[PDB]
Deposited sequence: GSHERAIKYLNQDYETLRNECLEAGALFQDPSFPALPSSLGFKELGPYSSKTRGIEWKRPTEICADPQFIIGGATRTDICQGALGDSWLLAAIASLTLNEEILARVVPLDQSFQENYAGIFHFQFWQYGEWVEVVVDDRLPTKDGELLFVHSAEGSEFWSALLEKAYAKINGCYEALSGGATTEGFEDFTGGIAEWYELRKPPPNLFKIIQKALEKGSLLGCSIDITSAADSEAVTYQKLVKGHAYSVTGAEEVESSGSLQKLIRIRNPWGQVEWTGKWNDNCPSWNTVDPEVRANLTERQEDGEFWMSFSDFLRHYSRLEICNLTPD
């Protein structure tokens, strides 16, 4: 099996051509120009594009790395772009070892055979499509403007997002509800107001099989977009559902669900948050395995609070 090459651009061939020529890849189909950024919010006349400079990782930091400490969900920290659903999906995808391995090839780095070109594969329309990109990334004041990793010198996620931007036409096309446009397989939606009786099980089974799960809070008006609630949840913003466990708390079974804000910051402050004393009611060994005091965007909340505070849940069965 061989993935369909987007625009018939072959990674190996293009990389070798550049190496031989002693030059860095400059993608003719997706240039480091305003058109690749956007058309309105990120359009050529938008104040949001003010000061943007395209730079390869080598100009961003001293020792750029493709992957550091593995390609995981903590490497997904949203930038100045409204692509929370895409990022929630990518974060969820890192939990599926096999798929991630195909989406993010390891035959690339900033050390060996580096020529400023990288590639990724996307599950699209019942077919695998491979996309190449040069590594010039949008920056502002010396730092990545859009997605970035908690590790300042790690670039696989920044480059993956760019590849998504390329296949969709521009970064702005990644903005504006659902995994569908960025993933494959069939997507099933659930209204948390009227959940199936065995939803917790469904969630657990979906997680165990490697499906992608995301959830969000409906917004009243456009002004309510990204509004922060009393318990520090963000409205009209996609979150990845990354875990689900039923624990024994003070002698009672408690269904808990783990959620991750793709911002990589700003977490729920209700019961079961990282510093909640409720964790003292759980077996020390169990707690050690499930929670830690870290602002990484990931937190736990009871399934009950989840059902009460979130509006929708999407599950994308890759297989």
**Prompt:** Deposited sequence versus model: which ranges have no CA atoms?
**Reply:** 1 to 3, 180 to 183, 327 to 328
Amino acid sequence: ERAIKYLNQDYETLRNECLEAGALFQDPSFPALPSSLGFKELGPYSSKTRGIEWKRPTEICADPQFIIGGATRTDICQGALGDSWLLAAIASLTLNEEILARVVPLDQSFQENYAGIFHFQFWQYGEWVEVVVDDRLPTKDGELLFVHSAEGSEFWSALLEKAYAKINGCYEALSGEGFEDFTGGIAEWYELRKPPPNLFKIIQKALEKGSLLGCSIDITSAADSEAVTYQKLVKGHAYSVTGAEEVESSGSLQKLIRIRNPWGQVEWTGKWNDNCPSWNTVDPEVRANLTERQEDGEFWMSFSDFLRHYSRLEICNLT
From here on, numbers count along this sequence of modelled residues.
**Request:** Give the stretch, out of 210 to 218 and 106 to 114, with the larger mean C-alpha temperature factor in the deposited entry.
**Result:** 106 to 114
**Asked** Out of 226 to 234 and 153 to 161, which one has CA B-factors that are higher on average in the deposited record?
**Response** 226 to 234
**Complete:** Per the deposited B-factor column, the C-alpha that peaks among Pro138, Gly79, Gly185, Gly243 belongs to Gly185
**B-factor third for the C-alpha atom of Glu20 within its chain** = highest
**Chain-relative CA temperature factor third for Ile99** = highest
**Asked** When the modelled residues of the chain are sorted by Cα temperature factor, does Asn168 land in the lowest, middle or highest third?
**Response** lowest
**Fill in**
Quick tally, chain-level thirds of C-alpha B-factors: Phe200 sits in the middle
**Request:** Taking the values exactly as deposited, rank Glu267 by C-alpha B-factor within its chain and report the matching third: lowest, middle or highest.
**Result:** lowest
